[PDB]
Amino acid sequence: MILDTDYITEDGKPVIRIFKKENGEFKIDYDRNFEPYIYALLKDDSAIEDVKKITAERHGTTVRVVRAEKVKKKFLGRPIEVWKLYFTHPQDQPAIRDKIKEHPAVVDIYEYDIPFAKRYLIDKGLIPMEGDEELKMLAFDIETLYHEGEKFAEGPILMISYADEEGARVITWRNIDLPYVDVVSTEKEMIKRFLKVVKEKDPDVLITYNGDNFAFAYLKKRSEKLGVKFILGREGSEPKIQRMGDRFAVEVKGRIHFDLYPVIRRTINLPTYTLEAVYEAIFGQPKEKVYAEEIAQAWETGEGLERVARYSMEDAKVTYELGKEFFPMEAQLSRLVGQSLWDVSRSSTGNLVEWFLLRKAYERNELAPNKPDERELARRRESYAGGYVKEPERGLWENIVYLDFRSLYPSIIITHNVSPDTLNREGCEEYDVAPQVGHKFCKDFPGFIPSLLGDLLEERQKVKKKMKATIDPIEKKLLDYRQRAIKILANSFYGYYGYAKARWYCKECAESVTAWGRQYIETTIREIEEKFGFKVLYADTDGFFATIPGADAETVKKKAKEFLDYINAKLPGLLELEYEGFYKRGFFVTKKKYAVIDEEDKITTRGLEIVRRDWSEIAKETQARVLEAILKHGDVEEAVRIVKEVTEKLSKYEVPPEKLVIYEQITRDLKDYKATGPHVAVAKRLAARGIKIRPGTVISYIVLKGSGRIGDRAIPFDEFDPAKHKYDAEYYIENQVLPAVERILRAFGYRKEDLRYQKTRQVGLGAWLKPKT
């Protein structure tokens, strides 16, 4: 299977390199005969004799148009006649692009900034990550000590941990006695040992969590200060830092650097993205997290060293296991899009759509529109819209169905043939009209994009059919990824239409699709209320919740399903409502804020759970028990009672100290946070122990009863002693606990004031001590 492609240049001539894993053997194929090209639209064919003779200068060398041929292609829904201009080198294109574009007979140029190594996969019909071939993978992570008044990576790396099929290990130059740890002399010998272990395992895949921004950069800058030759690429390469938006990305030649961070960020949503918050979500097993203070404590002192080595080991093992989860999925997308997994895993959804369109465009002989220049980009970016919402019926309700459209936006696009190439066309005989915005989309001929979508939705269905028919759970699992990759791509098309960097950009398309979305949601709701006597409790563009008042669980289920058959016979084309679930109880606060409980006693929440950086167990626990009281027990008053009890217990210092640890991933150095707040005080307590915390790591502190502002006395949690230390109850009540339950309970009629007992050490600072939203 094809892992990746690039090119090298040999005496000014480009050579495509194709990295392959076949029958357990890595190799590199070469293609010396792949020619770069662009297209040009001319006013009169006679002008090509001028174009053929245009030259520019690259480093003293005259760059020329090597060859031209006329080709018929489709563009903008209609035939176009263009000129294919061949070159020697892909880098000749920009230099000569500017000149050719100033020729009065040249209307414009096309497909001139499509990377050569990618052009190659498209044109040759090649697809990465195909076939059976198994791949050896290996995760790694590093532990570092931080210096505040310094440059990047001045502090040494103390630990390099890795994880394989064979297990996990830690390399270090501190004195530690554990089975899985190998000890060495220096940091230099540690790094060298890591390079030696990688080079000999020969992984096809290097897995990291955030290695694009931390691990690799750190490893290079340290090798640089220490004089170590940082070779990890198969063909003798130091890994190359690459310009990836605002931040960076690292490539390793011959291997695939699978950085887990962008994948997880683009997969499942969360507040703080700790390696530990992620292993929680997708596995259900607790972290065993040791915080940043405990480990920098082990660096100077040496106490708690074996616990750090366990932690470091666990970073690796988790990183590996997380990698075994996300890889096949990302291998499917890279297979579906036609681009390397390295690219595909770091791409935005809009950009994944672009690469998919480009390749299909090649197969259909469709000329691709250019990107926007600086002026168009700003003009596109300066667009906002609103959204649909049916504001909720307040309160607690029972026997709730949840109904959603099957692929709302893809359906609209296919059914109404919504495409830049079908927009307000001239002399059109069949057109649908967009609601609100009034655009006319032609149906005389299928749009380029609509038809590709059509085929995607149909392929998904076929794959799903085969998944459910397949008894073999290996093939079953694989088909399931296949199916789910189609979903991710299909559902990206709507975004892409309004995606400012998009080649087939079409704001008119975007807003039309949004408007038809509203209409279908709107008329379906009107119909469920009038024809079927339901009460719609809440509605999004992700679907709606409804019940029949005074009907039991199975009347509602039967009627909803009867309603589906009724509207699905009345909805146009591919538009189709589905049964998404049932919930015995639920309540709805506002747009995308709600909690519901299904028949398995499982609470699903939306826009409600704690998304602050500085969180604690006492807040989470108390919120959980409120939602539990309302939804499990059907008791709103118990919920209010519980909060009153919890706040009382806090007042009287009966809440166990451990539940009051505030975990916060720090956004910069602690020594320079907002003057007021617990941060400065934690920084002094840590400095006195000779510790500094790296921005981007999670600290642990408890807030104590103090002599200044409430919240300004806070200590490291390991420093806590039940005598000589009292915690600041008012801080846990007004900053932590109340804010976690105020929104939920306001929806039921309760004010902040109703959530404490009449006299329980009230300090009237709620408005100040609350987090500024």
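Residue positions are given as counts along the sequence shown, with the first one as 1.
Mean CA temperature factor is higher for 378-386 when stretches 539-547 and 378-386 are set side by side in the entry. If you average the C-alpha B-factors over 12-20 and over 758-766, the higher value belongs to 758-766.
Take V596, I127, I231, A368 and read off each C-alpha B-factor from the entry; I231 has the highest. Among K225, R526, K476, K440, the highest C-alpha B-factor in the deposited entry belongs to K225. Placement of the Cα temperature factor of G495 within the chain: lowest third of the modelled residues, per the deposited record. Sort the modelled residues of the chain by CA B factor and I171 lands in the highest third. Sorting the modelled residues of the chain by their CA temperature factor places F717 in the highest third.
Among the modelled residues of its chain, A619 has a C-alpha B-factor that falls in the middle third according to the deposited record.
Sort the chain's modelled residues by C-alpha temperature factor and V589 lands in the lowest third, per the entry.
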